[PDB]
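S.K.: Below you will find the structure I want to go over with you.
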Amino acid sequence: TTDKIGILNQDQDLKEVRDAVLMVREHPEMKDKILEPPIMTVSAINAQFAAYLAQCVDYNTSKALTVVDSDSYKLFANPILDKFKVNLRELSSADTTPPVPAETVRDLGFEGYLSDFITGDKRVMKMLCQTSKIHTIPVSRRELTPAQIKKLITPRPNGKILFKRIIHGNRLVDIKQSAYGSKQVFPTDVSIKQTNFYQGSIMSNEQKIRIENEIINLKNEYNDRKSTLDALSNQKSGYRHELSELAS
Amino acid sequence: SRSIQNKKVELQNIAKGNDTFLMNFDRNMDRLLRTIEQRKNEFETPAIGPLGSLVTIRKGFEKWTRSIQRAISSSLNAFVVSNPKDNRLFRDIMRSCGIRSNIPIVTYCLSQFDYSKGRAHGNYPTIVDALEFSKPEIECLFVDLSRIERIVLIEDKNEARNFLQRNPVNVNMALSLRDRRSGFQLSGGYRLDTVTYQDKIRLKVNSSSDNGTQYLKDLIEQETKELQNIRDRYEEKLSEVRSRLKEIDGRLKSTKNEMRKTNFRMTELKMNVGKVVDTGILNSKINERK
């Protein structure tokens with residue numbers, strides 16, 4: 001079960017989502033466009049990319065079942081709507097064209113955008129592109145400072161609004177305008193923390209269920225010893241038998 | 001049990017002393033905020049507070065209030081910055097004695113607009129009035145991005161619902177939670193979204209009394225009733241399977257009696273195997289007759 005299991009057991013509602021996926025899988029039914037949580041298919045190279053992707057989309061949005069085409073929205077989760085508590089995500093249209101396809105106007109060579117290090121299901125890829133806009137999110141692994149954010153905070157010729165959301169290291173900067181203020185951008189900085197969701201690693205390697213495995217194999221050894229005791233009891237039974245035939 | 005044990009006597013165990021939200025966010029700022037507030041207010045414009053005290057529960061009415069409390073706690077800390085070098089220096093200063101917390105930084109200016117015209121006015125009080133705030137513009141500068149007064153807040157199944165199914169014209173949203181413990185946000189035509197709150201005693205919500213779980217009485221009594229009926233049906237099923245076990249043990253006793261009777265009968269068998277036979281006179285007499 002390389003499939004993510006233990007990570008999904010950390011939440012009771014997410015366990016209900018697990019059960020929903022379970023009796024979705026058990027009954028083949030008619031699966032026109034199958035649905036799978038993005039937390040499942042998304043693989044991150046490191047925990048840093050996992051934190052990046054867990055912050056790019058919402059935590060509640062992360063525990064949602066994607067729908068690539070709005071035409072079929074309720075046609076999938078008809079019966080299990082009331083059986084257990086679930087969540088879904090709606091998609092209409094987005095752009096998958098990445099910025100900097102060529103030499104363009106810069107010669108820095110400072111890494112790329114959020115769309116480079118993501119691999120997974122087509123529906124999940126489209127969902128994260130629609131919800132997080134990985135193309136417009138640039139990530140540079142070296143030499144990134146809010147000073148560059150403020151040198152770009154001046155309206156770029158691409159648009160007066162600079163960006164919508166930037167993530168870098170342990171920081172997330174959101175670009176916003178004052179509708180009733182001075183029409184001046186007021187970027188908002190939020191500290192982020194490492195998240196094990198969206199991670200390529202198989203559950204949490206640090207502690208996992210390893211101690212439970214150790215106690216399980218200890219009980220297995222004890223059961224084997226009890227089986228040896230039962231075998232010796234059977235040998236004694238056969239000895240009582242041959243005693244019975246001697247008496248006969 | 002775990003549904004309630006996290007707050008069984010902890011809400012009662014406050015040592016009869018005020019438990020400020022400064023350390024309720026986490027253990028370690030209460031020893032450093034008194035000394036770091038001046039540092040925050042020094043650089044750039046004076047730093048706005050973390051809004052923990054500015055927005056608080058009023059009159060202890062949190063059943064309807066928690067839905068908007070979660071939304072405002074999604075972005076609650078608002079610190080003002082204007083220089084990236086000053087922002088990094090502020091980050092270094094904040095890492096003074098250890099934070100272990102995520103503090104949003106908000107430099108959004110005050111907004112000037114009227115927010116009563118948008119709502120519909122009804123007998124049920126507006127949810128925001130349940131909260132207490134110092135300056136309306138402080139919350140309004142977040143209201144503009146996502147309006148929170150417009151939405152209709154009701155329970156799961158009641159009247160004045162399905163507005164999103166009805167679609168909004170001259171209105172925006174009518175989302176609401178469904179349950180007090182965990183209320184999925186109302187969405188007509190869209191999948192509902194759950195919201196999870198946090199429970200803490202930051203104000204003198206025990207001013208009248210400090211008795212053990214007055215508000216939690218209904219939840220714990222309902223949980224005990226559920227445990228009662230669950231264990232009663234489980235006792236019934238274990239009793240019936242144990243009665244079946246008693247019946248099968250009784251028929252085991254019957255089979256053992258039958259096999260022991262067979263043992264007596266084979267003992268009789270070789271008793272009658274070892275007996276004298278007196279057919280010699282019969283055979284000799286038959287030969288004589290022949």
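Starting from 1 in every chain, residues are counted up; chains themselves are A, B, ... following the order of the structure tokens, and ligands are numbered from 1 as listed.
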Each residue of chain A lying at most 8 Å from chain B should get a row with its shortest atom-to-atom pair and the distance in Å to one decimal, counting only C-alpha atoms; could you produce that, ordered by chain and increasing number, as CSV?

M.R.:
residue,atom,partner,partner_atom,distance
A:60,CA,B:193,CA,7.3
A:87,CA,B:191,CA,6.3
A:88,CA,B:191,CA,6.1
A:89,CA,B:191,CA,7.7
A:145,CA,B:84,CA,7.8
A:146,CA,B:84,CA,5.2
A:147,CA,B:84,CA,5.3
A:150,CA,B:84,CA,7.2
A:178,CA,B:108,CA,7.1
A:179,CA,B:144,CA,7.9
A:180,CA,B:111,CA,5.3
A:181,CA,B:111,CA,5.7
A:186,CA,B:108,CA,5.2
A:187,CA,B:107,CA,6.9
A:188,CA,B:106,CA,4.9
A:189,CA,B:105,CA,4.8
A:190,CA,B:104,CA,4.2
A:191,CA,B:102,CA,5.1
A:192,CA,B:102,CA,6.4
A:193,CA,B:102,CA,7.7

S.K.: Can you tell me which residues surround stretch 123-126 of chain A at a distance of at most 10 Å, considering only C-alpha atoms, apart from same-chain residues fewer than 5 positions away, and format the answer as a list in words?

M.R.: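 Here the qualifying residues turn out to be residues 33, 34, 35, 36, 37, 38, 39, 40, 41, 42, 65, 66, 67, 68, 69, 91, 92, 93, 94, 95, 96, 115, 118, 131, 132, 133 and 134 of chain A.
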
S.K.: Mind dumping the selected residues with C-alpha atoms as a CSV table (one decimal), in the first residue's frame?

M.R.:
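So selection_28.csv came out as:
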chain,number,residue,atom,x,y,z
A,33,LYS,CA,-14.5,10.8,-15.0
A,34,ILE,CA,-13.0,9.2,-11.9
A,35,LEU,CA,-12.2,11.5,-8.9
A,36,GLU,CA,-9.2,11.3,-6.6
A,37,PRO,CA,-8.0,13.6,-3.8
A,38,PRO,CA,-5.0,15.8,-4.9
A,39,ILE,CA,-3.4,15.1,-1.6
A,40,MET,CA,-3.0,11.5,-2.9
A,41,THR,CA,-1.5,11.8,-6.4
A,42,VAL,CA,0.6,14.9,-5.8
A,65,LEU,CA,-12.4,15.9,-4.7
A,66,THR,CA,-11.6,17.6,-8.0
A,67,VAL,CA,-14.0,18.0,-10.9
A,68,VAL,CA,-12.2,18.8,-14.1
A,69,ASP,CA,-15.4,19.7,-16.1
A,91,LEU,CA,-12.9,23.9,-12.3
A,92,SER,CA,-13.8,26.0,-15.3
A,93,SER,CA,-10.7,27.2,-17.2
A,94,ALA,CA,-7.1,28.3,-16.6
A,95,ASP,CA,-3.8,28.8,-18.4
A,96,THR,CA,-1.0,26.2,-18.4
A,115,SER,CA,4.8,24.7,-12.6
A,118,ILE,CA,4.7,19.1,-10.0
A,131,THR,CA,-6.9,26.9,-8.0
A,132,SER,CA,-3.3,27.9,-7.3
A,133,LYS,CA,-2.2,29.2,-10.7
A,134,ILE,CA,1.2,27.5,-10.6

S.K.: Find the residues near residue A:22: any atom within 12 Å, counting only C-alpha atoms, skip ones fewer than 3 places away on the same chain, and give them as a CSV table (one decimal) with C-alpha atoms, in the first residue's frame.

M.R.:
chain,number,residue,atom,x,y,z
A,5,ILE,CA,-2.9,5.7,4.1
A,15,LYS,CA,-11.0,9.2,7.5
A,16,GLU,CA,-14.7,9.6,6.4
A,17,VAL,CA,-13.3,10.8,3.0
A,18,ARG,CA,-11.2,7.6,3.0
A,19,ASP,CA,-14.3,5.5,3.5
A,25,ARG,CA,-13.5,2.0,-5.5
A,26,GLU,CA,-15.3,-1.2,-4.3
A,27,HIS,CA,-18.3,-0.7,-6.6
A,28,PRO,CA,-17.0,-0.2,-10.2
A,35,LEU,CA,-12.2,11.5,-8.9
A,36,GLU,CA,-9.2,11.3,-6.6
A,80,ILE,CA,-22.6,9.2,-0.7
A,84,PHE,CA,-20.4,10.7,5.0
